[PDB]
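Quick heads-up: it's one chain on its own, the form deposited in one PDB entry, in structure tokens.
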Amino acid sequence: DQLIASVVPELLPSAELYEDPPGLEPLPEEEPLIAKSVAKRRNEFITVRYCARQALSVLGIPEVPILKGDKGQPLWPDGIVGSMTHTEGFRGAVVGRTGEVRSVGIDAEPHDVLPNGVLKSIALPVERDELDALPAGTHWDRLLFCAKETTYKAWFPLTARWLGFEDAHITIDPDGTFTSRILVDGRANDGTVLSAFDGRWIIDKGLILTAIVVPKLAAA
């Protein structure tokens, strides 16, 4: 009953854990990326990359470092796209081949009200009204935040540009899907235009998981 596997296609292997296994180490090449980090950050980085390597192995890729660009993005092997996420109680990764999909993003958040002031900072005025109308019993504010982070993680590998919280309007459906409508220039590095993403979401084990897969376009 893994959360990521419930919201991504079977051809994108994923792996997740809810605690840090004792005794894990980063690969030597990864050490500089966390040398200056506090212990809690070191731990989540080590465990999430353990998960990423598990998923990469399903695609036939043996142990390899997963470095980080200046903008925080993971640096995957040739022919691979992927995404990683962590919060207290979760570490998870998903990967796929570039011959199968264009991009993936995931994000995991505790299923709790957002911290004070965060909703006001991340939601467009219309989004605020939309969330207030969704059915009682789900922290739609936290879901919106989670979906916005996933939107950026799917966007950056295709554009090399920032996407602020105000730059996409996310509409959440109670049925486990959402849509992200881009409000800024959507030109992508492959010469296409990104205007909207389709997302999926699930709540289980006290957690929200959101995911976006950006499909390849049909042969022209």
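Whichever C-alpha set is largest while still superposing within 1.5 Å between the two forms counts as the rigid core. Throughout, we count residues from 1 along the sequence that is shown.
Undergrad: Between 70-78 and 138-146, pick out the one whose C-alpha positions differ more from the shown form in 8 other deposited structures of this protein, using the rigid core for superposition.
TA: Relative to the shown form, the greater RMS C-alpha distance in 8 other deposited structures of this protein belongs to 70-78.
Undergrad: Taking C-alpha RMS after core alignment, which stretch differs more from the shown form in 8 other deposited structures of this protein: 163-171, or 32-40?
TA: Larger mean C-alpha displacement, comparing 163-171 and 32-40 in 8 other deposited structures of this protein, is found in 32-40.
Undergrad: Do the C-alpha atoms of 148-156 or of 167-175 have the higher average B factor in the entry?
TA: The entry gives the higher C-alpha B-factor average to 167-175.
Undergrad: With respect to the recorded C-alpha B factors, which stretch has the higher mean value, 97-105 or 116-124?
TA: Of 116-124 and 97-105, the stretch with the higher C-alpha B-factor average is 116-124.
Undergrad: Maximum C-alpha temperature factor per the entry, among 59, 51, 67, 35, belongs to which one?
TA: Answer for 59, 51, 67, 35: 35, with the highest C-alpha B-factor.
Undergrad: Sorting by Cα B-factor within the chain, modelled residues only, which third would residue 79 end up in: lowest, middle or highest?
TA: Answer is middle: the recorded C-alpha B-factor places it there.
Undergrad: Sorting the chain's CA B-factors, does residue 211 end up in the lowest, middle or highest third?
TA: Within its chain, residue 211 is a lowest-third residue by C-alpha B-factor, going by the deposited values.
Undergrad: In terms of the chain's CA B-factor thirds, is residue 143 lowest, middle or highest?
TA: Tercile = lowest for this residue's CA B-factor.
Undergrad: Against its chain's modelled residues, does residue 43's Cα B factor rank lowest, middle or highest third?
TA: Its C-alpha B-factor belongs to the middle third of this chain's values.
Undergrad: Among the modelled residues of this chain, does the Cα B factor of residue 180 put it in the lowest, middle or highest third?
TA: It belongs to the lowest third of the chain when residues are ordered by C-alpha B-factor.
Same protein, other form: the form deposited with a partner chain bound, not shown, and the subject of what follows.
Undergrad: Counting only non-hydrogen atoms, which stretch in 94-102, 125-133, 77-85, 145-153 is within 4.5 Å of the partner chain in the deposited complex?
TA: Stretch 145-153 is the one.
Undergrad: Residue-level question: is residue 187 within 4.5 Å of the partner chain in the deposited complex, judged on heavy atoms?
TA: Contact with the partner chain, no.
Undergrad: So in the deposited complex, does any heavy atom of residue 50 sit within 4.5 Å of the partner chain?
TA: Residue 50: no, not in contact with the partner chain in the deposited complex.
Undergrad: Please determine whether residue 193 contacts the partner chain in the deposited complex, using a 4.5 Å cut-off between heavy atoms.
TA: Residue 193: no, not in contact with the partner chain in the deposited complex.
Undergrad: Just checking whether residue 57 would be counted as a contact of the partner chain in the deposited complex - the rule being heavy atoms within 4.5 angstroms.
TA: No, residue 57 is distant from the partner.
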